[PDB]
Every structure is written in C-alpha cells, then in structure tokens.
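# Structure assessment
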Protein chains: 4
Amino acid sequence: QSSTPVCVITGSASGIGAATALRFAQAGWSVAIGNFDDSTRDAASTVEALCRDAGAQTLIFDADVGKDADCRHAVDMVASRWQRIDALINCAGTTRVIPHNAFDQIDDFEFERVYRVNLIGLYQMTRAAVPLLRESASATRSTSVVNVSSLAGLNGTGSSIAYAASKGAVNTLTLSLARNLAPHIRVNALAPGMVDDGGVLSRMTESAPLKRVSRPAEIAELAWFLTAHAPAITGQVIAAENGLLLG
Amino acid sequence: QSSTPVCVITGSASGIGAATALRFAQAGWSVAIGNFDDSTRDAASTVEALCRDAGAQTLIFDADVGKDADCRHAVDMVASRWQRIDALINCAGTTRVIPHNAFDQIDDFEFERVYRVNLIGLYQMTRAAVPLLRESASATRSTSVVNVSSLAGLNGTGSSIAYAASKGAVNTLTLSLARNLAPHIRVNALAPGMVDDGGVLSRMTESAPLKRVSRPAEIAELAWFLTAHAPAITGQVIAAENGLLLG
Amino acid sequence: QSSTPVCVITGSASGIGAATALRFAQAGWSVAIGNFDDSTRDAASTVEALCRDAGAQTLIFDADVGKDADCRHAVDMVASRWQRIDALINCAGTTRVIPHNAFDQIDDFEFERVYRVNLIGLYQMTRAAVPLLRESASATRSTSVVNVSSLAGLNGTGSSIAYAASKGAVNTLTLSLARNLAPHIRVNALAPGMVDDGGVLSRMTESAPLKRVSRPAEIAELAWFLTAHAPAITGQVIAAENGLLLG
Amino acid sequence: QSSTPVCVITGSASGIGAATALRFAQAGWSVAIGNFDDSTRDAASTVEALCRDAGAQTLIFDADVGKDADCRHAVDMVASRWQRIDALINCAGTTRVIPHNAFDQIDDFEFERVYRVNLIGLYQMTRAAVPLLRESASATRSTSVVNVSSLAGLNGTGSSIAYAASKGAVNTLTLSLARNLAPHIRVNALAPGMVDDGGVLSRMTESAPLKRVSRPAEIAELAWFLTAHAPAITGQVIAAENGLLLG
Ligand SMILES: Nc1ncnc2c1ncn2[C@@H]1O[C@H](COP(=O)(O)OP(=O)(O)O)[C@@H](O)[C@H]1O
Ligand SMILES: Nc1ncnc2c1ncn2[C@@H]1O[C@H](COP(=O)(O)OP(=O)(O)O)[C@@H](O)[C@H]1O
Ligand SMILES: Nc1ncnc2c1ncn2[C@@H]1O[C@H](COP(=O)(O)OP(=O)(O)O)[C@@H](O)[C@H]1O
Ligand SMILES: Nc1ncnc2c1ncn2[C@@H]1O[C@H](COP(=O)(O)OP(=O)(O)O)[C@@H](O)[C@H]1O
C-alpha cells in the first residue's frame, strides 16, 4: 500500500468538494477526485491540476453515487492505485429551488431525486469505502468520514423541502454510522449556511449576525480539521452558518 | 359543514393510529379511519366499531399514502362527508428490521421503500389536507397536524438505518411545515421509544430508566393533547421514550 | 394519608403557578399553594379562593425557596396535612430586565440573585419533596416534577443574560434529576415563550409565527398533561413558544 | 500595539488551559498565561517556560476570575504589554465530586461556589476583554472567545449536579454572548468528555465508543481551530467526547 494517506472526495468537481480536494492536497495527502459525469469533467480536471500543483498525487474517478455499482467501482479504482483510504468526504449532492410554501410545485419524483444523491448515494459511497477505511485505521488513530449536510437539515429551511428532508436524514444517518463504525472510523457531518461558490451577496450578508457569507475553502478547513486533528469527535453535526441559528 | 370537529388518521388499522382514532372518538370528534389495504381492513373495521361504541361518527377510507392520488381521494371522501378537517394524525409507516452494522443486508430499494411511506407519503397526506385544515381554523384557534416519528429519528437507532434516516427527515419536514403553515395550522412530531402493540417485554423494560414500555394509548393521549390543548406548540418533536435518551 | 392526590406549586401567587394551582384544583387534586411573602399573600389568597371554588382542598404555605429551611418546612406542612405529594410544579422564579448588550449594567450580585431562586431554590424544593414523591409513586404509576424554565434557557434570549443562564442550568438540572429519580419520579421542564399575565401585546404577537401570545392557563395545561397523562415522558424540555424557535 | 496576535488563557496553570497556551505559543501567538493563586504558580511558570521554548512572548497574570476586579486588572496588564487581545480562552473552572443521587451531600454553598468560577467568572473575564477583542477585530476577520464547558452541561452527568448545572448555564451564556457580540467577536463553547491530565483509565476507555480518552492537547487543538480557521462558526457547543453521546 501507499505510504501517503488517501482522501476520497465525491462532488469534487466544484464547490465544497473541489475546495476540500485542494485542502487535502495542500496537506500532502493523495486525493481521489470524484467527478460526476461528462458535464463536470472539465471542472474536475482543473481541480486535479490545482491539487497536483499543490504537490499531491491524484486520480479522477467518475461516479453517480446514486448507483451502488458506481460507488464500488470508484473504491476499486482507489484500492488498485494506493490500497488505502484514510478519509472519505461525501460532497456529492443535488437540489432544485422550490419555495417551501409552493406545495403544488414539488412532487414525489423530486423528493426521490434529491434523496437518491444526498442520502442513498452518501450511504452507498460510505459503505463501499468502509472495508478500506477500517483497514487503514491504526492501533492509535481512527479514519474519518465527513458528510456535507446543510443548515437546512437542522431547521427545515433551504432550497426546497425535499432538500431539507434529505439533509435531516443525512444528520440521523451520520449518528447510526458513527455508532456502528466506532472505534475504527469516526463519522461527522457539516452543516454550512450560505456559501458563495463565486445583490444576492449583499442580501445573504446582511441577514447573518456575522455579516458575511462562507467561501468553500472554510468548509474544506473544517473537513480537514475533523479528519486530522479531532480523534475524540464522532457523531456530531457541526454548524458553520455565520450565526444564522442565532436569529 | 359538520358542526362536530373531524380528525383524519392514517395508519389507523392498528397500533398508534388505531389508539389515536379511539382517543379522538372518546373526545366526541368524528374520525376518518385510514385503512391501508385488504390485508388491514378487518382490523380497521374493528377500530371503527370501537370508535362508534365510543360515540363517534366514522368513515373508513383506503389509501396507500405513497400514492399522491390516494391521499387526494381520501381527503375528497372526508370533504364530501363532513366538509372540514380539524386534525390530521400521520401514523402510516413501514419498516423492516435490519441490523445497522449489516451493511451488506440493506439496499437502495429498502431506503426508498421506507422513505416512500414514512416521508413522501406523510408529506402527500399533509399537503392534500392543507386546504381544509386552513379553512377549518378559526379566528382564535389553529388546526393541528401530528406526525408520528420515532426515537430512531433523533439518535439513529431503531429497526434499520433506512428507518432511522426516514424519521430524521420527518423531524426536519415537520419544521418546514410548521414554519410555512403558521399561523393557521400547527405541525408537530412525536418520537416514541419502545411501544408494545400487544422476554422481549422484559428486555425493553429493563433498559429503560422508567422501567416500562409504552402502550399505544399513551401516544394517542399525546396526539390528542397537542391538538386540543396546545395552541402555542408548533415545530416541536416530543420524545416519549421512557427515559432512553438519558442513557 | 389522604385518598386524594396532592400537587405542590411554588410561585403559586400569580402567573403560571396561579394558573397551575387552579388547573390541578379543577382536576380534583388537593393543592398546596406556595406563597412567597407578605407582598404576594393577597394574590395567593385569591388563588386559594378560586381553587376552593373549583372544589379542591387547599393549604397556603410561605416559602422563600432560596432558603433550604423554607423548602423543608413547606414540605413538612404538606406532609402533616395530607401525608402525600403526587406532583411538584416549580414556578417560583425571578428576573430583572437588563439588555444583554449592556455589559456595564449587570453584575455578579444579579447573577447570584437570579440563580438563587431559579436554580438553587428549584433544586432545594425538589430535594425536599423527593421522599414523599417517591413514597407516593405506585407499582404502576410514577409521580411528577415539572420545572418552569424558559425559551431563554434554550436560545440565550430573554429578560437578562443572568436569567437566560439560570434557565440553561434549569434545563440541565432537569436531566440529572430525571436520570437519578427514575423510575419512581419523572422530571420535565417547560420552556414558555411570551406569556401575558394580564402595543406591547401587538409587538409580541406579530413577531411570533403563530401570531399570538400565551396565557398562563396554557402552561398550566401542559404541566397537568405531563403529570397525569405522560407516563413515558421524563428528562424533556417542552417548548411552548408560539413558533419563535422557527424564526 | 503589538504586531503579533495575543491569546489570553484563564485556567492556564494546568490541564486544558495549559495545553491551550502551548498550542497558541506553537502558532507564534503571544500568550497571557492566567494563573490562579500561589498554589498553582509553579505549574504556571512551567507552562510559561514551555511556551517561551515554543517561541512565544509571554506574561503571567494572577486572577481569581470570580472577582470582577481581578478580571479587569488582568486585562489591564495585557493591554499595557501588547495593546491587543485576539482570543480569550476561558478555561478557569472548579468542581467537587458529589454523586448526583446523594441529595443530602450537596448544598447551596457548593452550587454557588461552582457557579462563581464556571459561569460568573467566565462572564466577568469575557466582559473585561470585550473592548480590546472588538478593537482587535479587522475589516475582514473577527476575534474569538472559546468557553470550556463540558459534556456534563449537555446531558446532566459529570462530577456533580452543581457542576452540570453551571455548564448548562455556560452553554446558554455562550449563545447570548455570540448573538450580542456579533459580528466583531465569535463566541463558542467546547464540551469535552473524559480528559486524562496525566483502572480509572481502563474504565473510561471501555465505556466510550471510540475506546479512548482525550488528552488536553486535543481540546487545545479545537480551541485553536475555532479561533484561527472558523470565521463562520459562532454560538456553537462542540462536543469532543469520544462518542459517549451515542450511548
Ligand atoms: N448523482 C451524483 N453523483 C455524483 N456526484 C453528483 C451527483 N449529483 C450531483 N453531483 C455533484 O455533486 C456536486 C455538488 O456540489 P456543488 O453543486 O458545486 O455545490 P456545494 O459545493 O455547495 O455542494 C457537483 O459536483 C455535482 O456535479
Ligand atoms: N403505504 C402505506 N399507506 C398507508 N398505510 C400504510 C402504508 N404502509 C403501511 N401502512 C399502515 O401503517 C400502519 C403502521 O402502524 P403499526 O405498523 O401497526 O405500528 P405503530 O402503531 O408503532 O406505527 C399499519 O396500519 C400499516 O398497515
Ligand atoms: N425567592 C422566592 N421564593 C419563592 N417564590 C418566589 C421567590 N421569588 C419570587 N417568587 C415568586 O415566584 C412567582 C414568579 O411568577 P410570576 O413573577 O407571576 O411570572 P410567571 O407566571 O411568568 O412565572 C411570583 O409569585 C413570585 O412572587
Ligand atoms: N476562581 C478561579 N479563578 C481562576 N482560576 C481558577 C479558579 N478556580 C480554579 N481555577 C483554575 O482553573 C483550572 C482548572 O483546570 P484543571 O482543574 O487543571 O482541569 P481541566 O484542564 O479539565 O479544566 C486550574 O488551573 C485552577 O487552578
């Protein structure tokens, strides 16, 4: 196996996942960059170029995490290259903006579409990685799963009620996974508030007590911290939302 | 419209729903008894007989709440009979026992099967009832939606990880519904722990600080209380679990 | 001992405690009406007259709950009269409005003054009642302690930061008491939002999603429900705040 | 003012505070090492020697944080030396082991003794530092207050019920401070579980899902992370308890 630790990142073509691949690359880790499909591949290739410039060994895998076979194939590709997985950051996700009071404009199709990526896909990726995650834990150090949830899962706001529901499920799923994968693997979730992937900006900033929005790099820092420097933290949902929970 | 208030209960053929139909019947309300299918109809008919003996006007409707048309037809039947809905108690649900650490024995099919009843079906029933629920609210009194969630949604335990995830989604969905249906409709969830529908009993009792299990009637009392006597309570998840959350 | 159950209410001269004494009186219980001092005695006597009109046996006791001897003497008076205690409702409390951002206008004196009534006094009253509470539990039914906390304890708002802190302590204290007095005694807290004891009204109503304020009788109903109809509920903080937690 | 950022640490003579002073020293910050009294001074001097070896400018101050004048004098000493405060880590605290079910072995004296250090003292230190904390914030970066609370504040366990209550108050106080000091100062709390300051060890490890105890350095890492790398995090209580909350 490789003598350098390995991080697997789904949703790695953009946003939080892209920023997280870069942060692990800056730490010297090898990064498995999870690309969605042909529409995201150019972005993924730029992420890979930046991670290599940061000094990391890289590989790109395609996976629709809603398909269990795609999750298994992705882990097989990582296993063949480095024979270890030290962290999995589940950033793959989807939504569609639908007002929560427009009951007539959402349907079961959309509840399932969002749940398939955000919850089932997140579980399937984690399950596929568990054997290597457990094997890569040492006598003294546990490995790390980080689930990107949302403030929406905590308080029922967000882009749609189907999105909020799926993130509430992610929060609870994180608890089960933490309980059942202890002591070798720690499992935590992150609950970002407003994130600017680069008027709308000035409206998000004023409503927040901290009078700012988050950039993806901050969420990457939290994923890195939970992985590298938090051996006692498991089963938590960490909210990084610029004070919105305070009102 | 009818001069007597109306309660609609899904999952009313057995367990908590059956007990809740009876409790509303004892209060003098008319009850719309939600039966699942032919396999549950005999139980539903017994529930109806008991509610009529308690003095309530009754009707039985069939509905697979996972089918939106079934939810709409059910509300149409209630509207035609009494032209009002004053409370909806979402007790329809499903699960299958699968150990949370048997990762190889659950699949996406089961995650979707459970979510379809517990979350999508609960939303679809609530949405179908919202017009009448809002119309039945008065200048002084809001109507009531009660969602039967589970301790599993709070802490990630329970019959399966797919069940726990679906109940975490119910908890978050309850928040969105409460926020967006205020002020005319209050929306709350209940989180029962161990419930005996009538060794296994002695194992549940010893692990609980209160050294007992719940019977369905207690959960019905809570649903009735939240509906009839709690005009300030909305967006809450009330845990009735015999102290299990204390350890 | 008396064949009628007994409720002890501190803070019973006014507000929530007065309403709670009345609600237990309406249920047929004997009520021990906890009066503060000479300044509240006339109000307490009116509460007693109303409880007797409701048909309840009554007694009035004076107690400054911050003084442990006053708590012990009060329980001795109740023991001598009826030789049982079936519920204790801790409504004694104090505060003073000080803006949370006026750091220069609160001091350690006020933190201690509020904590002495709201937390120490609540503990001392509960401790004094525990022997009779445990003895009055039956083979099938636990007795009940209800602590009146506040929304302020949940989210750090409220009349002052010293008040909010004291109510956060009440919430945690409720957990310890519930864990350690199980299975014979259940211990729960209530977290009211805006309560009108009878412009200010229209400002409270508009900010609440439910577009109303609470009256003391609603909080009394919750204390009665938790005592009489909730054998599985212990260690909970029930928020009745007209939706303010939703934003 | 100094061109190097400044961290003020109470409770800095030992345990988490000592480890936190060292971690900030390793980051290049100047550290104000808060010593309690003559009994802790030798330990504080060793902490200072280690921080200087790590390359940090240092000063030691004495303060009984329960005395407001001691908090003001301490901040005056820091202001005179460096004219800035960029972070305050409130680690001063006290307790005494008393079983939560030994109601007869705790008194109001002990509730006040613990509250005076853990809550009033923490507030008084924070208040004294607020002017410099706000002035040291920049147009782009907020300063940081980190309160060392406890798992006991979350679930009512811990060394005594008076300790648990005081930490529940710390949790709520953290919310008020975060809300009212935004946007210039972020305020967060840490909730450690079992911490070994160096049979008892093997009993703590087995009960934890992560099968370990924490060492003070891990809590220092969390305090450092929240200060240096978490511009969106405020009003949170971060639990680092080796999975104990999972059961
Ligand atoms: N079914 C899927 N399988 C894998 N990746 C997916 C799937 N659906 C969406 N994604 C990817 O997940 C990522 C979502 O991240 P993004 O939409 O950029 O916002 P944030 O950084 O706030 O999550 C994108 O790269 C998207 O292409
Ligand atoms: N898809 C569905 N649509 C409507 N009702 C359903 C559906 N699936 C299951 N149910 C019903 O929901 C109820 C679940 O309640 P029960 O299984 O008796 O346990 P508890 O009382 O603890 O909920 C049953 O009546 C079941 O038949
Ligand atoms: N130290 C004390 N001991 C006993 N009762 C007290 C003490 N301090 C205040 N009280 C009483 O507690 C009650 C507080 O209730 P109230 O102030 O009317 O508002 P709410 O009904 O919202 O609690 C009052 O009767 C007050 O006199
Ligand atoms: N009143 C006080 N004022 C200032 N510091 C105090 C006060 N009381 C206790 N302390 C200090 O607070 C620190 C508590 O930390 P410690 O007892 O070593 O355990 P942990 O590292 O788990 O907090 C000690 O240095 C103690 O001397």
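The rules behind these values
- Numbering of residues starts from 1 on every chain and follows the order in which that chain's sequence is written, so it may differ from the entry's own numbering; residues lacking coordinates are left out.
- Just so you know, chain letters begin at A and ligand numbers begin at 1, following the order they were written in.
- Note: side-chain values were computed over all heavy atoms of the structure, leaving out hydrogens and water.
- Residues with missing side-chain atoms are left out of burial classes, side-chain pairs and their counts.
- UniProt positions are given in the numbering used here, feature names are shortened, and annotations may be inferred rather than shown by experiment.
- Residues are classed as near a molecule or strand on a simple rule: at least one heavy atom within 4 Å of it.
- Pairs of N or O atoms within 3.5 Å make up the polar contacts considered here, provided that, within protein, one atom can donate a hydrogen while the other can accept it, and that residues adjacent in sequence are counted only when both atoms are side-chain atoms.
- Accessible surface is estimated by sampling points in the Shrake-Rupley manner with a 1.4 Å probe; for residues, cover comes only from the protein chains shown.
- Only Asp, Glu, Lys and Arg are considered charged in this grouping, and only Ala, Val, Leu, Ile, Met, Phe, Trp, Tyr, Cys and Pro are considered nonpolar; every other residue, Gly among them, is considered polar.
- Should a side-chain nitrogen of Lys or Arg be within 4 Å of a carboxyl oxygen of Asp or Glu, the pair is scored as a salt bridge.
- Helix numbering and strand numbering both begin at the N terminus, where a helix is a DSSP run of H or I of at least 4 residues and a strand a DSSP run of E of at least 2.
- Partly exposed residues are those whose accessible area sits between 20% and 50% of the maximum for their type, while under 20% is buried and over 50% is exposed, using a 1.4 Å probe and protein chains only.
- All axes are obtained by fitting lines to C-alpha atoms, using only the stretch in contact for helices, and the reported angles, taken between N-to-C directions, cover 0 to 180 degrees.
- Each angle gets one of four labels, with under 35 degrees taken as roughly parallel, over 145 as roughly antiparallel, 65 to 115 as roughly perpendicular, and the rest as oblique.
- By definition, turning the near helix anticlockwise from the far helix through less than a right angle yields a left-handed crossing, and turning it clockwise yields a right-handed one.
- Here, residues are in contact when the closest pair of their heavy atoms is within 4.5 Å.

For this deposited structure, the header cites X-ray crystallography as the method used and 1.7500 Å as the resolution.

Under the PDB entry, the name given to chain A is Putative short-chain dehydrogenase/reductase, and the organism recorded is Burkholderia xenovorans. As recorded in the PDB, this entry has the title "Crystal structure of a putative short-chain dehydrogenase/reductase from Burkholderia xenovorans". The record held by UniProt for chain A lists under Sequence similarities (unreviewed entry) the comment "Belongs to the short-chain dehydrogenases/reductases (SDR) family."

All names here are of chain A. Around ligand 1, the structure places 15 residues, and the nearest of them are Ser14, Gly15, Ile16, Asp64 and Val65. Within the side chain of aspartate 64, an N or O atom sits 2.9 Å from a nitrogen atom of ligand 1. Between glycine 93 and ligand 1, the recorded distance is 3.3 Å, taken from a backbone N or O atom to an oxygen atom. Isolated, ligand 1 exposes 580 Å² of accessible area, and the fraction of that covered by the protein chains is 77%. Its residues assigned to classes, the shell around ligand 1 comprises eight nonpolar, five polar and two charged.

Scanning the model with the defined rule gives 44 salt bridges over all chains in all. Close ionic contact of B:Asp68 with B:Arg72 constitutes a salt bridge, the shortest N to O distance being 3.4 Å. Linking B:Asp68 with B:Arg72, this pair stays in helix α3 (residues 68-82), spanning four residues, or about one helical turn. The exposure class assigned to B:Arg72 is partly exposed, which follows from its relative accessible area of 34%. Several salt bridges share partner residues, and in doing so they unite A:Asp38, A:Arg41 and A:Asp62 into one network.

Residues and elements named next belong to chain B. Running from N to C, helix α1 (residues 15-26) and helix α8 (residues 216-228) point in directions that differ by 55°, and their axes come no closer than 8 Å. One finds that α1 runs oblique with respect to α8. Crossing angle aside, the handedness with which α1 passes α8 is right-handed. From α1, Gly15, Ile16, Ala19, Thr20, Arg23 and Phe24 reach across to α8, where they touch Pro216, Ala217, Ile219, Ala220, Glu221, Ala223, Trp224 and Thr227. For the contact of α1 with α8, the per-class residue count stands at nine nonpolar, three polar and two charged.

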